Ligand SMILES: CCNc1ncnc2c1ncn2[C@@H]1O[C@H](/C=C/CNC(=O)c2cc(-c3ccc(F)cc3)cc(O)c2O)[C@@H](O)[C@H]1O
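In structure tokens, one chain follows: the form deposited without the named molecule.
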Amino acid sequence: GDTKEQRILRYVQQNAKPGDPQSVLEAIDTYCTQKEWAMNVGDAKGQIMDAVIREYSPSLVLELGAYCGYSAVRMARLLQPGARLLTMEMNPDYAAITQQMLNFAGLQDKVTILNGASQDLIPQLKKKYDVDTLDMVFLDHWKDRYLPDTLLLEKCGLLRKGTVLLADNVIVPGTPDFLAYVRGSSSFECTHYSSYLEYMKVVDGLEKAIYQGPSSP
């Protein structure tokens, strides 16, 4: 049988326009919304992602976690000339779908997909992928990995003063440890975004946590 992620890709391949990221995004959103797997992702998640990317204009973005590639396409289409996205995902099936989604959208030249465990790959980023510090980190899909990945990024010296972390699907009482960490820490300045669409209950919540370094301003 076919996986949900493979079915999302097949729908894009059959219905979207190659080389048109907006078309790809709309197709994913339309299909997942119809199936009731995810409701109006463009409005609830994508608009917030776009606003953050446009505010900080990051040259180097690291995405931790991927499923069908929606988030990677969303970010990559807004990267400035010369900017790049590194996307790390442990599940080889999800990584493969994400690559194919970026290919279809025509964005593969701006993105490098790294299939492996974050604990193994994060310490190799500086030497293997020419990374000094990251401008933005997008934490996606796997809520329980947000905190240990953040701590490992710090240990590896990959965050600088002003590095923006944006974490998806942070909705109280979920991600209690990650929120407790960034909110409680004097090294992170935090903003929470809650998208309601037209409804009374949160559809998606995201946390922006800006690293300040270890010292006084």
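Residues that one form lacks are left out of the comparison. Under this definition, the rigid core comprises the largest set of C-alpha atoms superposing within 1.5 Å between the forms. Note that residue numbering begins at 1 and tracks the sequence as displayed.
There is another form of this protein, the form solved in complex with the named molecule, and it is not shown here; the text below is about that form.
Q: Superimposing the C-alphas around the site, does the named molecule, as posed in the deposited bound form, end up open here or blocked, where blocked is 3 or more of its atoms within 2.4 Å of backbone or C-beta atoms?
A: Blocked.
Q: With the partner absent here, would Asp135, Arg160 and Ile210 each sit within 4.5 Å of the named molecule in the deposited bound form, counting heavy atoms only?
A: No, because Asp135, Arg160 and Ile210 lack any heavy atom that approaches the named molecule to within 4.5 Å in the deposited bound form.
Q: Could you spot which one of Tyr31, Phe188, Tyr67, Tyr56 gets a heavy atom to within 4.5 Å of the named molecule in the deposited bound form?
A: Result of the distance check: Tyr67.
Q: Quick one: does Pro123 come within 4.5 Å of the named molecule in the deposited bound form, counting heavy atoms only?
A: Judged by the heavy-atom cut-off of 4.5 Å, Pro123 is well away from the named molecule in the deposited bound form.
Q: Can you work out whether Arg84 and the named molecule are in contact in the deposited bound form, taking contact to mean some heavy atom pair no more than 4.5 Å apart?
A: Close contact is absent here: in the deposited bound form, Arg84 is far from the named molecule, nothing within 4.5 Å, heavy atoms only.
Q: My question is simply whether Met101 lines the interface with the named molecule in the deposited bound form - judged by any non-hydrogen atom within 4.5 Å.
A: Because no heavy atom of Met101 falls inside 4.5 Å of the named molecule in the deposited bound form, the answer is no.
Q: Should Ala117 be classed as touching the named molecule in the deposited bound form when contacts are defined as heavy atoms within 4.5 Å?
A: Yes, contact at 4.5 Å.
Q: Using a 4.5 Å heavy atom cut-off, which of 76-84, 143-151, 126-134, 101-109 contacts the named molecule in the deposited bound form?
A: Looking at the other structure, the answer is 143-151.
Q: Heavy atom within 4.5 Å of the named molecule in the deposited bound form: which residues of 89-113 meet that condition, in order?
A: In sequence order, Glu89, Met90, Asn91, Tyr94 come within 4.5 Å of the partner.
Q: Is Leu166 one of the residues whose C-alpha moves 2 Å or more between the shown form and the other one after the core fit?
A: No, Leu166 moves less than 2 Å.
Q: Core-aligned, does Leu206 move its Cα 2 Å or more between the shown form and the other one?
A: No, the C-alpha position differs by under 2 Å between the shown form and the other one.
Q: For a quick test of reading the superposition: does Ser187 move by 2 Å or more at the CA between the shown form and the other one, rigid core aligned?
A: The answer is no; the displacement is under 2 Å.
Q: Distance change of 3 Å or more between the C-alpha atoms of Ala38 and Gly205 in the deposited bound form: closer or farther compared with this structure?
A: Relative to the displayed form, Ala38 and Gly205 move farther apart in the deposited bound form - a change of at least 3 Å between their C-alphas.
Q: Between the shown chain and the other structure, the Cα gap of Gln34 to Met39 differs by 3 Å or more. Is it closer or farther in the deposited bound form?
A: They are farther apart; the C-alpha distance rises by 3 Å or more in the deposited bound form.
Q: Fit on the rigid core and then flag the segments of at least 3 consecutive residues whose Cα positions all differ by 2 Å or more between the shown form and the other one.
A: Three-plus residue runs displaced between the shown form and the other one: 38-43, 196-204.
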